[PDB]
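Below: the structure, in structure tokens.
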Amino acid sequence: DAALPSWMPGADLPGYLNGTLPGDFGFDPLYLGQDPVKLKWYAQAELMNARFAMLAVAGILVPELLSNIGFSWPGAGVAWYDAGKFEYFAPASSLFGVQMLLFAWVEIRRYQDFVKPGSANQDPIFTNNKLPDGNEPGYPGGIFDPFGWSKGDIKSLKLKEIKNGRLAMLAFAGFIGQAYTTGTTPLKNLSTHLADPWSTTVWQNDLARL
Amino acid sequence: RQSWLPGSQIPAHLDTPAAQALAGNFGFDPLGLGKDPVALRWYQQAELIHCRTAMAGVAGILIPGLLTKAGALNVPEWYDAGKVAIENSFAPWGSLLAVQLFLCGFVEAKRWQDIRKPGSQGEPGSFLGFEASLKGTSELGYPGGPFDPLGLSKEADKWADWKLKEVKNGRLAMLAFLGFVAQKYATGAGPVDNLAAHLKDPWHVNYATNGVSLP
Amino acid sequence: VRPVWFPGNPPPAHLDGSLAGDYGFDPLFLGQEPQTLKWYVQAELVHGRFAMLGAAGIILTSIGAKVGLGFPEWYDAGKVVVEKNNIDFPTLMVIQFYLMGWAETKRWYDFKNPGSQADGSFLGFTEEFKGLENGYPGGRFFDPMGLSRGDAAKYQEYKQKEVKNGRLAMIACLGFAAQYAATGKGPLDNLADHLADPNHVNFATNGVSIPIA
Amino acid sequence: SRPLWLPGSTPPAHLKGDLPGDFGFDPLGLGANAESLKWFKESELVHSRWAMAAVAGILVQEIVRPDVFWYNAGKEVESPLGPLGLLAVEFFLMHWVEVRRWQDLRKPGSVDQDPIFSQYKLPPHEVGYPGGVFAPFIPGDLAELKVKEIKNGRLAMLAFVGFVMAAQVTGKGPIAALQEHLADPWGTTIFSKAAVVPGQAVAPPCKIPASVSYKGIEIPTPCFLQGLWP
Ligand code: CLA
Ligand code: CLA
Ligand SMILES: CC(/C=C/C=C(C)/C=C/[C@@]12O[C@]1(C)C[C@@H](O)CC2(C)C)=C\C=C\C=C(C)\C=C\C=C(C)\C=C\[C@@]12O[C@]1(C)C[C@@H](O)CC2(C)C
């Protein structure tokens with residue numbers, strides 16, 4: 001409801017997406033964020049799904065990039081949808097239990113700063129280390145910013161983070177839907193769409209699969 | 001007020017301030033069942049408990065049903081899990097139902113007495129110090145206390161949101177169980193099997209290809 | 001001073017000339033009450049709408065027959081599209097009853113409350129289901145050409161023309177059934193039978209219309 | 001006192017000679033609503049421009065390739081870029097441009113600026129008439145060209161339906177149908193090919209097959225309104 005950048009330049013925007021939230025363009029056609037108590041939760045949820053999806057795309061492409069180039073890894077060339085069957089130093093149950101205890105620490109530490117900001121910036125065991133006060137939920141800073149960023153031009157960095165994150169969430173939905181239909185590596189789908197870009201659209205693979 | 005039919009005269013006893021501030025009021029009582037206010041007060045409890053038991057039951061049908069058709073469980077059909085699991089059982093069904101009716105009747109009669117008079121179970125000397133957290137909240141049907149461990153009631157904003165989410169998921173699960181029974185009677189298969197049969201041929205495999213929509 | 005269905009007789013009191021296609025035809029006084037008449041205007045309209053759609057359907061699919069195309073007759077088109085196209089029939093009937101029960105109950109609670117069906121209870125449409133008057137809904141969906149607004153006198157002309165074509169399409173759809181229950185063939189085969197010999201291939205020589213043949 | 005489609009007539013009250021090509025022709029009252037007349041003006045302009053480009057395309061395609069036939073020209077083109085890759089590129093590249101034009105129609109003072117070359121902005125034009133960069137070196141009066149465009153466009157809209165209804169009745173392109181009408185005018189009209197009398201109807205035969213093969217799955221080609229023809 002201003003001169004903000006818009007997803008459809010020209011149309012009306014509902015007004016509660018003015019620009020205070022990072023990287024907004026008024027795209028909410030279902031009108032989900034009418035109550036702002038839902039909108040704050042949705043902002044934190046977009047940050048969390050986006051950061052895990054950015055880690056997901058960086059952990060799916062880069063092992064497949066170095067597999068198709070070719071290094072000598074114990075796991076190299078195995079699919080990301082087949083890495084669960086791959087065996088390790090421990091069976092996957094112990095892996096899942098250690099994961100669901102370490103994230104049970106970390107997520108509740110993050111949620112306590114969601115329900116009261118600035119109230120989790122002190123260590124339990126070393127009560128001399130702290131995050132600097134004045135942080136917002138979703139962006140703790142401190143040791144989570146060790147390279148000295150966010151000390152100027154922070155809105156553009158948040159917009160870069162949310163744009164790369166939305167792109168990587170679409171990329172991971174692409175990884176799901178594009179490994180479920182053709183059943184190949186998502187980099188070996190780019191290989192075929194660069195082999196003959198016209199003779200493999202999604203429509204010809206759909207019609208050949210139909 | 002977002003009614004179930006947009007052009008209907010809503011019954012006036014669903015437009016009182018006692019009934020408009022009630023969870024999930026879409027103006028639906030075409031047979032006048034709650035015209036007495038205490039009849040409506042009783043049936044609000046009946047709807048909450050018919051919907052919470054249905055959400056638990058329909059979750060216990062289709063969460064292991066979808067985790068059976070996708071592997072990594074071998075839970076049978078819900079209409080077969082009484083035939084099995086009585087062999088893999090320390091007891092027969094009669095003793096188990098007797099223990100069930102004692103443990104559940106002790107709960108349900110306390111709930112009966114709290115509905116007939118609110119804050120009844122909170123009078124001191126009833127339990128061994130446990131009765132102090134048994135007054136419930138200011139409204140009946142939503143006790144809290146020991147029944148809110150995660151503490152979602154200490155908000156007073158978005159509380160009608162949680163009420164209406166409970167009521168709508170519960171009405172959908174009650175329809176889902178009436179489903180499960182009927183789609184068992186009609187074709188003898190399981191519910192996820194019926195979902196797969198609809199999704200492989202929607203325009204020929206439905207409730208117009210059996211003997212229950214008969215002309 | 002206005003034309004009546006039966007010249008000489010005055011029009012009845014409940015039937016002054018304000019409706020589209022009014023000619024004073026109510027000998028049985030069925031629409032004597034204003035609200036039952038308000039309901040029968042809606043009924044005459046929607047019977048006329050379906051009869052105009054049906055009459056155009058029979059006439060077009062019977063121009064399709066007899067010229068050489070593969071179209072069936074209208075009494076045979078029910079079987080040939082559920083058998084040529086693998087269509088299960090009771091699901092087609094139930095999908096018809098679902099979609100039209102929606103579209104009909106919207107109209108049925110517009111009649112019971114004229115300002116209703118427009119409060120955005122549907123998918124976010126407010127003025128499009130407002131309803132202009134009885135049997136003439138209008139808006140952006142039911143009048144996309146926008147002929148209900150502009151010149152109002154030409155809109156009253158279109159109202160009367162709609163009612164006229166709807167009356168004789170109801171008569172035509174009552175006549176297609178009688179042409180089929182009497183002769184047993186297509187309607188535009190009955191027309192060419194009446195045109196190849198104007199005498200002797202009329203209704204009085206069909207053996208069924210008059211029993212005193 | 002403007003010229004009209006029928007000289008003795010009176011134009012309707014919603015047609016007051018303001019728009020170009022306004023010759024008082026709207027007997028069905030379709031341009032009575034002011035909001036709907038803008039949409040109808042845009043669709044007349046777009047139908048007219050697509051029809052002019054199509055008529056010029058069919059005529060130039062016949063005068064440079066007399067072997068191939070324009071009704072069949074979507075069947076034997078044999079592009080290296082696949083059948084569906086063309087439709088995908090056309091789908092995205094037209095779904096861009098059409099939504100741009102539609103958003104110009106809905107809010108005129110909204111869509112002017114190049115989104116990726118922000119120094120370039122379209123001047124505050126009229127709806128349906130973009131100009132600026134779509135229109136370099138405009139000759140003479142812009143209102144005179146604005147009338148000439150609609151006149152040539154209405155003629156080409158009638159000409160495209162003429163091309164279709166020729167090519168479904170004689171099955172030949174619109175110089176070969178003109179060579180039929182110049183080789184024998186008295187016997188190559190539509191009244192020569194067809195007549196309906198009360199008692200029999202002699203329709204022209206089709207010259208279009210009911211389907212074409214085209215790489216496996218077959219496309220039905222409905223001979224428009226066969227049977228309803230005279
Ligand atoms: C980050 C977005 C992204 C990208 C770059 C790709 C890329 C690709 N997909 Mg894919 N896909 C995506 C998201 C994406 N997908 C999503 C979200 C889904 C789930 C619906 C799928 C489902 C899918 C299937 C089922 C198939 C592909 C296929 C393909 C490949 C051929 C292109 C094609 O046929 O069109 C596919 C295009 C789409 C499905 C639409 C994607 C819509 C995106 C989000 C919008 C465009 C993003 C942006 C404006 C431009 C992207 C480029 C930029 C990031 C550099 C190609 C490598 C095909 C393949 O593997 O054959 C080789 C195939 O069969 N995709
Ligand atoms: C003969 C028909 C004709 C005429 C008189 C006009 C006249 C006008 N157009 Mg228009 N236009 C036409 C056809 C025509 N156009 C067609 C077919 C298209 C679709 C491609 C367009 C697309 C179009 C747009 C998008 C815009 C205009 C604009 C304008 C205005 C100023 C531009 C100008 O000076 O054009 C003068 C035109 C001529 C002198 C015609 C010369 C014709 C030569 C001889 C070539 C014809 C044959 C050629 C081989 C065809 C192939 C070319 C192409 C299709 C690939 C003016 C009112 C602009 C406007 O409104 O500005 C405010 C504007 O933005 N028109
Ligand atoms: C409680 C319930 C089901 C609970 C299910 C349970 C516990 C299932 C448990 C099991 O599955 C598991 C877990 C595992 C299996 O192996 C064993 C069993 C035991 C099988 C369904 C309620 C189902 C309840 C239903 C469907 C009620 C529908 C009532 C309706 C629609 C009434 C509407 C109206 O009354 C109003 C509102 C207003 C009036 O004016 C108008 C009318 C129309 C009269």
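Chains: A, B, ... in order of the structure tokens. Residues: from 1 per chain. Ligands: from 1, in order shown.
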Nearby polymer residues, ligand 3, at most 10 Å, only C-alpha atoms and all ligand atoms, as a count of residues only:
52
Would you mind listing, as a list in words, all residues of chain B that have at least one atom within 10 Å of chain C, where only C-alpha atoms are what counts?
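Listing them in order of chain and number gives residues 1, 2, 3, 4, 5, 6, 7, 8, 9, 202, 203, 204, 205, 206, 207, 208, 209, 210, 213, 214 and 215 of chain B.
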Grab me every residue within 12 Å of ligand 1, counting only C-alpha atoms and all ligand atoms, and send it over as JSON, numbers by chain.
{"A": [53, 54, 57, 163, 164, 165, 166, 167, 168, 169, 170, 171, 172, 173, 174, 175, 176, 177, 178, 179, 180, 181, 182, 183, 184, 185, 186, 187, 188, 189, 190, 191, 192, 193, 194, 195, 196, 197, 198, 199, 200, 201, 202, 203, 204, 205, 206, 207, 208, 209, 210], "D": [84, 85, 88, 89, 92]}
Would you list the residues that come within 9 Å of ligand 2? Count only C-alpha atoms and all ligand atoms and give the answer as a PyMOL selection string.
chain D and resi 45-46+48-54+56-57+60+125-153
Just asking: which residues within range 2-154 of chain A are helix (DSSP H, G or I) according to DSSP, as number ranges by chain?
A: 36-69, 92-115, 142-144, 154
Set the distance at 6 Å and use only C-alpha atoms: which residues neighbour range 54-61 of chain C once local chain neighbours fewer than 4 positions away are removed? I'd like the list as a list in words.
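In the requested format, the answer is residues 50, 74 and 169 of chain C.
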Write the selection just made, keeping N, CA, C and O atoms, as an mmCIF file, in the first residue's frame?
data_model
loop_
_atom_site.group_PDB
_atom_site.id
_atom_site.type_symbol
_atom_site.label_atom_id
_atom_site.label_comp_id
_atom_site.auth_asym_id
_atom_site.auth_seq_id
_atom_site.Cartn_x
_atom_site.Cartn_y
_atom_site.Cartn_z
ATOM 1 N N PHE C 50 -33.845 -22.799 -19.315
ATOM 2 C CA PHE C 50 -33.525 -24.180 -19.651
ATOM 3 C C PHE C 50 -34.218 -24.637 -20.923
ATOM 4 O O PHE C 50 -33.650 -25.436 -21.667
ATOM 5 N N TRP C 74 -31.858 -36.380 -30.510
ATOM 6 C CA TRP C 74 -31.805 -35.903 -29.134
ATOM 7 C C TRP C 74 -32.284 -36.956 -28.147
ATOM 8 O O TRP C 74 -31.828 -36.977 -27.001
ATOM 9 N N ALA C 169 -39.971 -21.367 -26.526
ATOM 10 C CA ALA C 169 -39.077 -22.502 -26.354
ATOM 11 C C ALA C 169 -39.625 -23.524 -25.372
ATOM 12 O O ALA C 169 -39.362 -24.715 -25.534
#
Residue neighbourhood residue 148 in chain C, 9 Å, only C-alpha atoms, exclusion window fewer than 2 positions, as a ChimeraX atom specification:
/C:132,136,138-139,143,145-146,150-152,154-156,158 /D:33
Kindly give the distance, in Å, that separates CA of residue 200 in chain D and CA of residue 164 in chain D, rounded to a single decimal.
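A separation of 25.8 Å between them.
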Please identify all polymer residues within 12 Å of residue 40 in chain C, counting only C-alpha atoms, omitting same-chain residues fewer than 3 positions from it, and present them as a PyMOL selection string.
chain C and resi 19+26+29-37+43-48+111+134-135
Would you write out, as a Markdown table, a table of all residues in chain D that have an atom no more than 7 Å from an atom of chain A, listing for each the closest atom pair and the distance in Å to one decimal, considering only C-alpha atoms and ordering rows by chain and rising residue number?
| residue | atom | partner | partner_atom | distance |
| --- | --- | --- | --- | --- |
| D:81 | CA | A:198 | CA | 5.5 |
| D:82 | CA | A:198 | CA | 5.8 |
| D:85 | CA | A:198 | CA | 4.8 |
| D:103 | CA | A:10 | CA | 6.9 |
| D:107 | CA | A:10 | CA | 6.6 |
| D:110 | CA | A:10 | CA | 4.9 |
| D:111 | CA | A:10 | CA | 6.4 |
Contacts of residue 40 in chain A at 12 Å or less, counting only C-alpha atoms, minus same-chain residues fewer than 3 places along, as a list in words?
residues 16, 17, 20, 21, 22, 32, 33, 34, 35, 36, 37, 43, 44, 45, 46, 47, 114, 115, 136, 137 and 138 of chain A
Give me, as a PyMOL selection string, the residues of chain A touching chain C, with the criterion being at most 12 Å (counting only C-alpha atoms).
chain A and resi 29-31
So that I can see what lies close to residue 173 in chain D, please list as a tab-separated table (two decimals) with N, CA, C and O atoms, in the first residue's frame the residues with an atom at most 9 Å from it, counting only C-alpha atoms and leaving out residues fewer than 4 positions away in the same chain.
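part_19.tsv was written with the following content:
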chain	number	residue	atom	x	y	z
D	58	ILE	N	-0.72	-14.92	-44.14
D	58	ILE	CA	-1.25	-15.92	-45.05
D	58	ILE	C	-1.02	-15.50	-46.50
D	58	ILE	O	-0.63	-16.33	-47.33
D	59	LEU	N	-1.13	-14.21	-46.80
D	59	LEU	CA	-0.90	-13.76	-48.17
D	59	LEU	C	0.58	-13.83	-48.55
D	59	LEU	O	0.91	-14.30	-49.65
D	62	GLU	N	1.60	-17.40	-48.91
D	62	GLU	CA	1.19	-17.99	-50.17
D	62	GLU	C	2.02	-17.47	-51.34
D	62	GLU	O	2.32	-18.24	-52.26
D	66	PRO	N	4.13	-21.34	-52.58
D	66	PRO	CA	2.87	-21.88	-53.12
D	66	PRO	C	2.73	-23.38	-52.94
D	66	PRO	O	1.62	-23.90	-53.14
D	69	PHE	N	0.37	-25.21	-47.76
D	69	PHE	CA	-0.95	-24.64	-47.58
D	69	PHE	C	-1.14	-24.20	-46.14
D	69	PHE	O	-0.78	-24.94	-45.21
D	70	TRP	N	-1.68	-22.99	-45.96
D	70	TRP	CA	-1.57	-22.29	-44.68
D	70	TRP	C	-2.41	-22.93	-43.59
D	70	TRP	O	-2.07	-22.82	-42.40
D	71	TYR	N	-3.51	-23.58	-43.96
D	71	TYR	CA	-4.29	-24.33	-42.99
D	71	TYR	C	-3.50	-25.54	-42.50
D	71	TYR	O	-3.64	-25.95	-41.34
D	163	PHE	N	-10.76	-16.15	-45.22
D	163	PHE	CA	-9.73	-17.14	-45.51
D	163	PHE	C	-10.12	-18.50	-44.97
D	163	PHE	O	-9.95	-19.53	-45.64
D	166	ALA	N	-13.16	-19.86	-46.92
D	166	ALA	CA	-12.73	-20.35	-48.21
D	166	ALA	C	-12.05	-21.70	-48.06
D	166	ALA	O	-12.48	-22.70	-48.64
D	167	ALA	N	-11.02	-21.76	-47.21
D	167	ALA	CA	-10.18	-22.94	-47.07
D	167	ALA	C	-10.88	-24.14	-46.44
D	167	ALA	O	-10.32	-25.23	-46.44
D	177	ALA	N	-8.31	-19.59	-54.34
D	177	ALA	CA	-9.75	-19.33	-54.35
D	177	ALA	C	-10.07	-18.11	-55.19
D	177	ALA	O	-11.09	-18.08	-55.90
D	178	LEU	N	-9.19	-17.10	-55.17
D	178	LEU	CA	-9.35	-15.97	-56.07
D	178	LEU	C	-9.11	-16.37	-57.52
D	178	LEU	O	-9.75	-15.82	-58.42
Could you list, as a short mmCIF file (atom, residue, chain, number, x, y, z; two decimals) with C-alpha atoms, in the first residue's frame, every residue of chain D that has an atom within 9 Å of an atom of chain C, counting only C-alpha atoms?
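Here's the written file selection-v3.cif:
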data_model
loop_
_atom_site.label_atom_id
_atom_site.label_comp_id
_atom_site.auth_asym_id
_atom_site.auth_seq_id
_atom_site.Cartn_x
_atom_site.Cartn_y
_atom_site.Cartn_z
CA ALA D 13 -26.48 7.69 -27.58
CA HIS D 14 -23.39 5.87 -26.28
CA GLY D 29 -26.49 -2.18 -27.57
CA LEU D 30 -23.22 -3.81 -26.51
CA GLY D 31 -21.35 -0.53 -26.08
CA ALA D 32 -23.92 1.00 -23.75
CA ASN D 33 -21.92 0.38 -20.57
CA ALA D 34 -18.96 2.74 -20.27
CA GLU D 35 -16.79 0.28 -18.34
CA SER D 36 -17.46 -2.55 -20.79
CA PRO D 198 -37.70 -25.82 -48.48
CA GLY D 199 -37.41 -29.55 -49.09
CA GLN D 200 -33.70 -30.15 -49.61
CA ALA D 201 -30.45 -28.51 -48.54
CA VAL D 202 -27.39 -28.77 -50.79
CA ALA D 203 -24.40 -28.01 -48.60
CA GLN D 226 -20.40 -28.16 -41.12
CA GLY D 227 -24.04 -29.12 -41.30
CA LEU D 228 -25.06 -25.62 -40.26
#
At a cut-off of 12 Å, which residues of chain B touch chain A? Count only C-alpha atoms and give the answer as a ChimeraX atom specification.
/B:155,157-159,161
Save the residues we just selected, C-alpha atoms, as an mmCIF file, in the first residue's frame?
data_model
loop_
_atom_site.group_PDB
_atom_site.id
_atom_site.type_symbol
_atom_site.label_atom_id
_atom_site.label_comp_id
_atom_site.auth_asym_id
_atom_site.auth_seq_id
_atom_site.Cartn_x
_atom_site.Cartn_y
_atom_site.Cartn_z
ATOM 1 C CA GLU B 155 -2.540 -16.117 26.304
ATOM 2 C CA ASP B 157 -5.420 -13.614 22.706
ATOM 3 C CA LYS B 158 -5.655 -16.212 19.876
ATOM 4 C CA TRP B 159 -7.657 -18.377 22.325
ATOM 5 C CA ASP B 161 -8.443 -19.356 17.365
#
One decimal, in Å: what's the spacing between CA of residue 36 in chain B and CA of residue 169 in chain B?
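Calculated distance between CA of residue 36 in chain B and CA of residue 169 in chain B is 26.4 Å.
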